[PDB]
Amino acid sequence: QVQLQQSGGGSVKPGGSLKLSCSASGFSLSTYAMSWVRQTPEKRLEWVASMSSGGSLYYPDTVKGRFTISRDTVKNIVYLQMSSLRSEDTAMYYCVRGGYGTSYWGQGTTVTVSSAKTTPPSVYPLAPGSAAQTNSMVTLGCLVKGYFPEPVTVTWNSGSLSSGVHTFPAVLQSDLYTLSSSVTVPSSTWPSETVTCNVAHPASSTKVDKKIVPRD
Amino acid sequence: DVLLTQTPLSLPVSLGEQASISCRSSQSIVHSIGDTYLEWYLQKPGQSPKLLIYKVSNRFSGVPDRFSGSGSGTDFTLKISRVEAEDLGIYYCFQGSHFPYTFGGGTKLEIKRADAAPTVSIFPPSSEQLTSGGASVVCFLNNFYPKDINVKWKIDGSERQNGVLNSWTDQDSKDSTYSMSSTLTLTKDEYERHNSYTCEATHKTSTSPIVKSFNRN
Amino acid sequence: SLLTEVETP
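Structure determination for this entry is recorded as X-ray crystallography, at 2.2000 Å resolution.

Chemist: If you had to explain the side chain of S97 of chain B to someone new, which residues and values would you point to?
Modeler: All names here are of chain B. Tracing the chain through its elements places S97 in the loop between β9 (89-95) and β10 (102-103). The class for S97 is buried, based on a relative accessible area of 7%. Of note is the side chain of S97, whose polar atom sits 3.0 Å from the backbone nitrogen of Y37.

Chemist: Tell me about the domain arrangement of chain A, residues and numbers included.
Modeler: All names here are of chain A. As assigned here, chain A comprises domain 1 (1-115) and domain 2 (116-213). For domain 1 and domain 2, the distance between their C-alpha centroids amounts to 31 Å. The partner domain 2 presents seven residues to the six residues of domain 1 that form the contact. Summed over both sides, the interface of domain 1 with domain 2 buries roughly 450 Å², with 53% coming from carbon and sulfur. Broken down residue by residue, the surface that domain 1 buries against domain 2 is led by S11, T112 and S115, which jointly contribute 63%. Connecting domain 1 to domain 2 are zero salt bridges. Inspection of the domain 1/domain 2 interface yields one residue pair in polar contact. Elements with a minimum of two residues in the side of domain 1 that touches domain 2: β2 (10-12) and β11 (109-113). Each residue belonging to the side of domain 1 that touches domain 2 can be placed in one class, and the counts come to no nonpolar, six polar and no charged.

Chemist: Help me get a handle on the pattern of salt bridges, residues and values and all.
Modeler: For the structure shown, the criterion picks out 13 salt bridges over all chains. In this structure, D89 of chain A and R66 of chain A form a salt bridge, with 2.8 Å as the shortest nitrogen-oxygen distance. Highlighted residues: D89 of chain A in the loop between β8 (77-82) and β9 (91-98) and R66 of chain A in the loop between β6 (57-58) and β7 (67-72), separated in sequence by 23 residues. Judged by relative accessible area, which is 0%, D89 of chain A ranks as buried. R24 of chain B is the salt-bridge partner of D75 of chain B, the closest N and O atoms lying 3.1 Å from each other. Of this pair, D75 of chain B sits in strand β8 (residues 75-80) while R24 of chain B sits in strand β3 (residues 19-25), placing them 51 residues apart in sequence. Under the relative-accessibility criterion, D75 of chain B is labelled partly exposed at 34%. Given the relative accessible area of 47%, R24 of chain B is considered partly exposed. What you see here is one network of salt bridges that share partners, running through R38, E46, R66 and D89 of chain A.

Chemist: An account of the interface of chain A and chain B is requested, with residue identities and associated values reported.
Modeler: Taken together, the contact between chain A and chain B spans 40 residues of the former and 36 residues of the latter. Carbon and sulfur atoms supply 65% of the area buried between chain A and chain B, which totals about 3200 Å² over both sides. Contact with chain B buries surface across chain A, with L45, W47 and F168 of chain A losing the most and accounting together for 18% of the total. With a shortest N-O distance of 3.5 Å, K210 of chain A and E128 of chain B are connected by a salt bridge. Secondary-structure elements contributing two or more residues to the side of chain A that touches chain B are β4 (33-39), β5 (45-51), β10 (103-105), β12 (122-126), β13 (137-147), β15 (165-167), β16 (171-173) and β17 (176-186) of chain A. When residues in the side of chain A that touches chain B are grouped by element, the largest group, five residues, is from β13 of chain A. Class assignment of the residues belonging to the side of chain A that touches chain B gives a composition of 17 nonpolar, 17 polar and six charged.

Chemist: So what's going on with the packing of aromatic side chains? Which residues, and what values?
Modeler: A complete count under the given rule lists 19 aromatic pairs over all chains for this structure. Ring centres of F148 of chain A and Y177 of chain A lie 5.8 Å apart, and the angle between their planes is 20°; this geometry places the pair in the stacked category. On the criterion of sequence distance, the pair formed by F148 of chain A in the loop between β13 and β14 (153-156) and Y177 of chain A in strand β17 is long-range, its members being 29 residues apart. Since its relative accessible area comes to 3%, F148 of chain A is described here as buried. Overall, the relative accessible area of 15% leaves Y177 of chain A in the buried class. Linked through ring pairs, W47, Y58, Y94 and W105 of chain A together with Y41, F94, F99, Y101 and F103 of chain B together constitute an aromatic cluster. It is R97 of chain A that lies over the ring of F27 of chain A; its NZ or CZ is 4.7 Å from the centre.

Conventions and cut-offs
- Sequence positions are given from 1 along each chain as written, possibly unlike the numbering in the entry, and residues without coordinates are left off.
- Written order decides the labels, with chains lettered from A and ligands numbered from 1.
- Excluding hydrogens and water, the side-chain values take into account all heavy atoms of the structure.
- Counting from the N terminus, the helices are the DSSP runs of H or I reaching at least four residues and the strands are the DSSP runs of E reaching at least two.
- To sort residues, take the accessible area from a 1.4 Å probe on protein chains only and compare it with the maximum for the residue type: under 20% means buried, over 50% means exposed, and anything in between is partly exposed.
- Here a polar contact is recorded for every N or O atom pair within 3.5 Å, except that within protein the pair must consist of a potential hydrogen donor and a potential acceptor, and residues adjacent in sequence are included only if both atoms are side-chain atoms.
- Each domain's extent was defined by an automatic or database domain assignment.
- Residues are treated as being in contact if the distance between any of their heavy atoms lies within 4.5 Å.
- Summed over both partners, the accessible surface that disappears when two parts come together, traced with a 1.4 Å probe, is what is meant by buried area.
- When a carboxyl oxygen of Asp or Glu is within 4 Å of a side-chain nitrogen of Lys or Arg, the pair counts as a salt bridge.
- For this scheme, ten residues count as nonpolar: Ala, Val, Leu, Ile, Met, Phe, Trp, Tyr, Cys and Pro. Four count as charged, namely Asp, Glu, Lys and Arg, and the remainder, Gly too, count as polar.
- Between the rings of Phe, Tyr and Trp (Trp by its six-membered ring), a pair exists once the centres lie within 6.5 Å; its type follows the angle of the planes, with under 30 degrees stacked, over 60 edge-to-face, and the other angles tilted.
- Whether a charge lies above a ring is judged from NZ of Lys or CZ of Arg, which has to be within 6 Å of the ring centre and within 35 degrees of the ring normal.

In structure tokens:
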């Protein structure tokens, strides 16, 4: 039972270099072909590298001489080493296992190539106005502002409130992203029961847990 | 390179109908006199791409047979026979017969369903944002269809355009709806000079807007 | 295709 987790994404300046990892489990790396495919901000998919089970290395010309795929079969990790990074290298990087008429892709790690400064988010609670009314369902939220780069992750009560959630795609303004999330719960449960948005920003190693308090 | 031209770009389709997606190559692919390595992938909102079809017409394990790949010469087709809500997302074709490997540009499959009105809420700026000198007022407009919708912000009964930021979710793979979040941002100083803040949602489902508002006192 | 096969022809 296959897992692949990519890590090592984040922000990096044009010209800089970055090493991605893909940590594999439930199979032996060595028996499969492992590749990297990226999805650009415009949603093109592009093949970036492959390593066969036998170890042959294959790259397109757009990255040849800049990108190196390799594996470590003791730790069971596949790597992509990137250098002279350019703007067009900005993308979500997926690790892909291939073999025997099957393909399995990890969840991806985001690489943003940019000069902009790394900035943690400000997380602001969204609670209904004092004089707002009952409905029996109450909607609450979280506004996540001023951060760079993508991504941030947002959960509610550590993942325990998962239905009735809408997390809105982040939008870039200046060199800063802004995103929001709503959660809807029965009014019989809030405020009696705590609702907290959990925001993580891995590039700044920052977590904010903002409890939604009723106003006034 | 083998260039893959994928059409259409957007594909709206009703539940239970058939969707056809086409991929046209710049050359005959057949590797040597052997196999044609033409594959179809689906990416659902918030997920990674997953394999549907390999070597033109084989279904990956667990793909239901209402997914059907064919083609010849330079034309390849993916047919989806009885579309369910969970089939939404971006479809890509792919060739692995020649290096460099290449993908089609994608086709976004959208589900048509019955019109539904948004559920609207308003939220005043938090006291912690006010402290730092900014003031954002938020409207959520939840679970509606179709995607197109307008939000008009009013400050003391007159329209405001500068400082509005709107963001839609992808289409929900369960109920086939959209939601959207609208944020009006001003300075604390300007926020403190006006009383009534209103978002008004106009949408195909009513000739009258849905109006939510609060008073700053 | 290395996305689906272990080696390429």
